[PDB]
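Contents: one structure, followed by commentary.
Here the Cβ positions follow ideal geometry from the backbone for every residue, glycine too, while neighbour counts run over all protein chains shown. Read-outs throughout are calculated quantities, based only on the coordinates presented, and are distinct from any laboratory measurement.
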Amino acid sequence: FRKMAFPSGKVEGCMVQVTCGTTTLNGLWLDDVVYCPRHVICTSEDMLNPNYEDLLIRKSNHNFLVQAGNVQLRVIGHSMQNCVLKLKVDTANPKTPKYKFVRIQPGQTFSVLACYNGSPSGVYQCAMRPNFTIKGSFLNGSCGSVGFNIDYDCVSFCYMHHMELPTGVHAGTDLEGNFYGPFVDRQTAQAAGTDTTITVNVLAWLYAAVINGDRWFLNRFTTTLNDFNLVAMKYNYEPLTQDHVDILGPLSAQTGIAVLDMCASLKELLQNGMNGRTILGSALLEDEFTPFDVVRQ
Amino acid sequence: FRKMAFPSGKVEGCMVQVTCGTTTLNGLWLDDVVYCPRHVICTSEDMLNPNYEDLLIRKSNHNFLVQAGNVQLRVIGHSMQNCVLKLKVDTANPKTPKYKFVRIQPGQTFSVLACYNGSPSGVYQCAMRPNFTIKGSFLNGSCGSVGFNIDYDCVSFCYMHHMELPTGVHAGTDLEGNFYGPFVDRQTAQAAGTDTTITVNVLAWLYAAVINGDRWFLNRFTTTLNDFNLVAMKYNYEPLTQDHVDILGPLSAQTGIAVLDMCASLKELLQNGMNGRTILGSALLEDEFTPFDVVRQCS
């Protein structure tokens, strides 16, 4: 049982390179608009407190170089919506897929197409964490890489990459330019809130381990929902809501392990640890697989 | 560090479905040829004990249905090459990328585009285990899905999916139809060899740790490849080859640490344990990232 990303071709056809001054990053070309992080217009002289509205009005369309492979796209207008710069271009992208912009909830997952200089480099699954960070693999030049899910033929874009935090995790925005979490597009060291663990996902992953014939962590004990939640919170896990208990019904039915029995097993794991054993090859409890991600596998 | 696949679009544009009778699986359409597992010509009962030469001689071009989505590609020739069927079709694929067919070595990683009915479902990174199996998410109808790497703009195709073993792991061929490992495309119980840890990839992981400033485990001393191999086998680690030493070259140059010096460091870790310490934050040594993967994610 491994993470699986969506096929990335529909998104690859939308990636372009955007340069302003000496800063190059990636943009997303949908119809006649290129979306990218607005920090492309900041410089080392103003990055600690960039007055983006003042910077933006002082730019001309010709200050923005947009390259789609071999072709330069002509910028015919520029504006910003929150932290996303929108460059209107004179050509609609002929590879624009059916798409929507969504804001994802913490605990949900998405695929990331990591890009550098407008070129797709890698694809992998990420979770929006409760503290609104993501554990990406984003290096220099990755800004403007996007996160998405695919439903039928429709690409739902939910993330655009802007920054790294001193702990090595990442922060960014939805495609309306609003950050996930309390982060700001200035060049400062920003800490996140406490990194609470996605309990319903850990449980889903324990069900996945059982489906794959790993059973060593199960116990006969049970627990009430509140007694589980008291221990979960002691360990900086999310309390399990009734909606989340419901979401786990399929896996519970499939395995014949009631949700609260799996909670009792997780409680035992939190209090004792794994005593040098592994689950699905991991010495750590994994919380980036949703119940949905598990079922479809 | 995380498993990262290559972008799949160049391969998505080459996936088709191939049907014989009611048996449907995926194929790969490059120029005017479609490549797919030869067991497409089998009924389910034929798969228990197939005579492929006899099955194939009973087939004509007009018995093969190739579809790109709902669009039929007429078959104008057919041949069998080892365990792959090659169907010549009337249309050259306009989306054919620059490509090569490569036969990988165990320990190497590659991306799989898991496909059903010629439609891509998901993409993920796999390591070929030393026993020539892969740990895939392959459900029924996934045969003919391919594994690949992308270098520059060139797609190197290295794997085509054929079968599941009793243990739940998977087996397949290169794009010339030769199986990886001692497997045959017959629905018979077959066992893989005992799996072992991919030593070259553990060494790449130790080099990655050094690159990130985590170097408490470095030995002052060096060993020979033979001494290392004889010890490593006692810990269920794969013996190193000269090609493994060679692919560690860039990481050895980046760190200034000779491959055989890192081997002596790993030997000491196997013999003495971690003694409570961690490497890259982990008490376990990781074997799923190649030297190339380490460079891709550290640089």
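With only alpha-carbon atoms in the gyration tensor, what are the semi-axes of the equivalent ellipsoid for chain B, in Å, largest first? Numbers along the way, then the final one.
Details: eigenvalues 337, 82, 43 Å².
The answer is 41, 20, 15 Å, longest axis first.
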Among the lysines, which fall within straight-line cross-link reach of A:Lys59, defined as a Cα-Cα distance under 25 Å, with same-chain neighbours fewer than 8 residues apart omitted?
A:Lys86, A:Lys88
In whole angstrom, and with the biggest value first, how far do the Cα coordinates of the range B:47-141 range along each principal axis?
40, 36, 26
What do you get for Rg/Rh of the range A:201-269 when both radii come from the Cα atoms and Rh is the Kirkwood radius?
0.93
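Which of rounded, prolate or oblate describes the range B:97-211 when judged by the alpha-carbon gyration tensor and an a/c cut-off of 1.5? Intermediate values should be presented prior to the final figure.
On the way: a/c = 1.76, a/b = 1.15, b/c = 1.53.
Oblate.
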Suppose every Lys and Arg Cβ carries +1 and every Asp and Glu Cβ carries -1, with no other charges. What dipole size does the protein assembly as shown come out with about its Cα centre, to the nearest 20 debye?
340
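Taking 2.2 N^0.38 Å as the expected size of a compact globular protein, what ratio does the Cα radius of gyration of the range A:13-86 give against it, to two decimals? If you can, show how the numbers build up before the last one.
Details: Rg = 11.8 Å, N = 74, 2.2 N^0.38 = 11.3 Å.
That ratio works out to 1.04.
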Return the subset of A:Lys3/B:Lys95; A:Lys10/A:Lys98; B:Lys3/B:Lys234 for which the Cα-Cα distance in this structure is over 21 Å, preserving the input order.
A:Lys3/B:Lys95; B:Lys3/B:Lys234
Tensor-based shape of the range B:86-161 (alpha-carbon gyration tensor, a/c under 1.5 rounded, otherwise prolate or oblate)
oblate
To the nearest 500 deg cm²/dmol, what mean residue ellipticity at 222 nm is calculated for chain A from DSSP H runs of n ≥ 4 alone, each contributing -39,500 (n - 2.57), summed and divided by the residues?
-6000 deg cm²/dmol
Evaluate 2.2 N^0.38 Å with N set to the residue count of the range A:125-175, then give the Cα radius of gyration divided by it.
1.15
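Relative contact order, percent, of the range A:1-160 when contacts are C-alpha pairs under 8 Å separated by at least 6 residues? Before the final figure, lay out each step's value.
On the way: 340 pairs, mean separation 44.2, N = 160.
This gives 28 percent for the range A:1-160.
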Between the residues A:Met160, A:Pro50, A:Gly9, the Cα farthest towards the positive end of the dipole of chain A, that dipole coming from +1 and -1 charges on the beta-carbon of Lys, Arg, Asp and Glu, is from A:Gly9
Correct response: the longest run of chain B lacking exposed chymotrypsin sites (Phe, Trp or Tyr not before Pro), defined by DSSP loop and at most 14 other Cβ within 10 Å, is B:1-151
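Counting only GluC sites (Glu not before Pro) that sit in a DSSP loop (anything but H, G, I, E, B) with at most 14 other Cβ atoms within 10 Å, what is the longest stretch of chain A containing none of them?
A:46-175
Express the Stokes-Einstein translational diffusion coefficient of the range B:174-299 in µm² s⁻¹, to the nearest whole number, given a Kirkwood radius over alpha-carbon pairs, 10 °C and a viscosity of 1.306 mPa s.
Values: Rh = 15.8 Å.
The Stokes-Einstein estimate is 101 µm²/s.
How large is the dipole of the range B:1-131 about the Cα centre if only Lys and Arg carry +1 and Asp and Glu carry -1, each at its Cβ, rounded to the nearest 20 debye?
Numbers: 14 positive and 8 negative charges, 115 e Å.
Here the range B:1-131 has a charge dipole of around 560 debye.
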Classify the protein assembly as shown as rounded, prolate or oblate from the Cα gyration tensor: take a ≥ b ≥ c as the square roots of its eigenvalues, call it rounded if a/c is under 1.5, otherwise prolate when a/b beats b/c and oblate if not.
rounded
